[PDB]
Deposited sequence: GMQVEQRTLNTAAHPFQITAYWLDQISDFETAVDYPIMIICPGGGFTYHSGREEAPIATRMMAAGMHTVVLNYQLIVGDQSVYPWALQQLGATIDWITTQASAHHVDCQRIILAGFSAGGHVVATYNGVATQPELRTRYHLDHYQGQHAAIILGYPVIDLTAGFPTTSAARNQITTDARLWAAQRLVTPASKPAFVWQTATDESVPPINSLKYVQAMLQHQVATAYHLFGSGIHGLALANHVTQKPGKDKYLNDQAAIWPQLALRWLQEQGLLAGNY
C-alpha cells in the first residue's frame, strides 16, 4: 500500500507541482524502516511533462521498496526558460523530502534522482552543479537541505548543442546560460554515481547525449554503469528475468551494488 500526496511547492518565485507516493510500512506499530526514495524528473522535451513511460517506472521502482516523488520541473511554456529555475526546484524538492523524512520514513542517505529525456538534462546538470560548492552558490542551491546519493538516466538529453533541440533559438529558450548547455562539461570527481541507459536506435533523443555524459564520468572515474540496448524494444514503456523489461532489473541490481537498496 501507499499514500498519494499532491502538492504545489514554490521556490525562486517559480511554483511547481509534485506528487509524492509514500510507501506504507509493513505495520503502523513497528519501528519504522526508512525506505530509499527516487525523485523522477519526467521527459517531455521541455514543453510538457511526460507520464507514459514514467508512471510504469514509478510503479516498478516502488515494488522494489522505495518511495517515489515526481517533480514537474519548469518548462518553456508561456515564454519562460527552464533554468536556473529547474535546478532550484529540484533542490527545493530534495529539501521538502527531508522535511517529510520522519512523517513518511524516508532514508535521506538514499535519495536517488532519475531523469528521462529532458528530465535527464535537469538531473545530469544537477548532478554536476549540486556537487560543486562554487556552482551551488552561483545557482543558489546552498539555501536547501539534503543531497542525492546517485542518479539514474534514461535516454537523457545531456548536451543542448548535440541535436536536441533542433535550433539555436530553441536552445536559448531553454536557457541563455551557456554553462548549463552541456551537462557532461560539469562532471567532476564529486559527481554522484550514475546508471545510464538508452537505446541504440533512439530517434527522439540522439544517443550521442548519453555517450557524452558517460565519457565524462569515466574520465573523472566516477562510479558509472551504462547500457546501450541494441533493440528499441528495451526502451518501450513498462508493463535476469526473461519475462520482464531488462533495464529496471539492471538498475535495481546496480542500486544494490551501490548500497542504496536492500
note = Residues of the deposited sequence that never got C-alpha coordinates are 240 to 251, 275 to 277
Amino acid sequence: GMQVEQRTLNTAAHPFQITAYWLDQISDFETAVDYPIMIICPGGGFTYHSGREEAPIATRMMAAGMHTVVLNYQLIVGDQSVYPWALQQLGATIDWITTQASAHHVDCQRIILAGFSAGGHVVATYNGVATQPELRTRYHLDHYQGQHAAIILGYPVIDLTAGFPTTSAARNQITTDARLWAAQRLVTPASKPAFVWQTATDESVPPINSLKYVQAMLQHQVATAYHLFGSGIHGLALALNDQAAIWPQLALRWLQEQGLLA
From here on, numbers count along this sequence of modelled residues.
request  = Decide which of the stretches 6 to 14 and 241 to 249 has the higher mean C-alpha B-factor, going by the entry.
outcome  = 241 to 249
ask   = Is the mean CA B factor in the deposited entry higher across 198 to 206 or across 29 to 37?
value = 198 to 206
request  = Kindly indicate the residue among 215, 47, 68, 221 with the greatest C-alpha B-factor in the PDB record.
outcome  = 221
ask   = Looking at 192, 110, 179, 105, which has the biggest Cα B factor in the entry?
value = 179
request  = Select lowest, middle or highest to describe the third in which the CA B-factor of residue 164 falls within its chain in this entry.
outcome  = highest
request  = Just say lowest, middle or highest third for the CA B-factor of residue 151 relative to the other modelled residues in its chain.
outcome  = lowest
ask   = Should residue 144 be placed in the lowest, middle or highest third of its chain by the C-alpha B factor in the entry?
value = middle
task = Taking the values exactly as deposited, rank residue 127 by C-alpha B-factor within its chain and report the matching third: lowest, middle or highest.
result = middle
request  = Rank-wise, by C-alpha B-factor, drop residue 133 into the lowest, middle or highest third of its chain.
outcome  = highest
